[PDB]
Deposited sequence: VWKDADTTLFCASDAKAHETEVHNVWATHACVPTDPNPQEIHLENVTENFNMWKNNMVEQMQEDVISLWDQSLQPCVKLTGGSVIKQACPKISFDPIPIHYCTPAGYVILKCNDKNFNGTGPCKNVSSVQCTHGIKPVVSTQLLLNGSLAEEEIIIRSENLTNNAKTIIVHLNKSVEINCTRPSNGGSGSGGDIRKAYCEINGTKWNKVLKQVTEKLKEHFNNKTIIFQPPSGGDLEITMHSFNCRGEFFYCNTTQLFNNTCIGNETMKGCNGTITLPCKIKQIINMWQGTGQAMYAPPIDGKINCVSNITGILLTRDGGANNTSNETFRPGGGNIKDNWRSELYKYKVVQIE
């Protein structure tokens, strides 16, 4: 009746041709206009198998996001093996917009609607769509921001939970705001993120309880990342064109799982390691004024130590294909022709 198959998917967006914001500039020319009445058809009585970990939709979104970043970011200096590239580095307008992934003729996208679907296995409530939901291509580590939520319980996704090297995606069912500010005026690189600790620790506590169901009720303990690059030992993200790096030691507080505002210390860095591929880039010092991003934390990226009565987890991230997975897990492409 249909065949699993891969094809070249295109993107669609509500990008504006008059916007100087870089995602708009990219998407107006990478992606078609969104269709104003998207049809979704329930496949009555169908059970279908899915696998979020072998889904070429993720690879294609990855290529587009790299394309977007390669066009849009203007580092003063780009260092890659045998190459120092120098150019002008004016400040840009930067704020992610959603994009949708869509099939050409002959293919359709199947969507798993089982609320507690973990990403692999049979799905009992399947529909066909022309395009995904709108996904913001937000590039971050540790916390997944401005994404979709799980509809019922908190979900744990891993390619293989027993393999301590495989990243665990936690999909939250209630978001918690994180508010990051480099205030106006004066260590210009000093910033911070505020999180309501009551709301956060309640959610973290539910996360701990859910992980307990997968690890035979053992004590769940969080520890800071064990080492590596700053982009992944910190919660890193781009806020208005600036590269923020936020220390998350206090976010993952085992005593709390308090009450008050949690304040994470952040720094805006100019010399960064590039997520798109090998090498480093240098940017200009931060723009003047109040730099602020208020984001919804909708997911968490973790690794488990593995290798007694406890399991130890540490904030993860860096493989930006895990970011796309957290939103594409419910979709797969099939061939009808």
Sequence ranges absent from the coordinates, based on the deposited chain and numbered from 1: 186-191, 264-270, 321-323
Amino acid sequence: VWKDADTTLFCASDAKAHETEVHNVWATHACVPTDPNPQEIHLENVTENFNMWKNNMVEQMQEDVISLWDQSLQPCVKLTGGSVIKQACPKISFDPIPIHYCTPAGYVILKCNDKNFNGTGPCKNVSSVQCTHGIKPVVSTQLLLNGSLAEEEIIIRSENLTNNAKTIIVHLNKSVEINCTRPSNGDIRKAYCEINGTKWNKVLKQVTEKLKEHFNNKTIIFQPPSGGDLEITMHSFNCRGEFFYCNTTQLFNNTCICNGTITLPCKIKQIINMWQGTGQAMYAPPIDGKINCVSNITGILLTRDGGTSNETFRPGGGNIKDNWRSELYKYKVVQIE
From here on, numbers count along this sequence of modelled residues.
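Under this definition, the rigid core comprises the largest set of C-alpha atoms superposing within 1.5 Å between the forms.
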Which of 260-268 and 72-80 strays further in 6 other deposited structures of this protein - Cα RMS after rigid core alignment: 72-80
RMS Cα shift after core superposition in 6 other deposited structures of this protein, winner of 83-91 and 130-138: 83-91
308-316 set against 66-74, stretch whose average Cα temperature factor tops the other in the entry: 308-316
145-153 versus 213-221 - which carries the larger mean C-alpha B factor in the record: 213-221
Residue with highest C-alpha B-factor in the PDB entry, from 249, 233, 158, 140: 249
Residue, from 169, 129, 105, 203, that the PDB entry assigns the highest Cα B-factor: 203
Third of the chain, ranked by Cα B-factor, where residue 59 sits: lowest
Within-chain third of residue 199 by Cα B-factor, per the entry: highest
Third assignment of residue 239 from its chain's C-alpha B-factors: middle
Chain-relative CA temperature factor third for residue 291: highest
Assigned third (lowest, middle, highest) for the C-alpha B factor of residue 115: highest
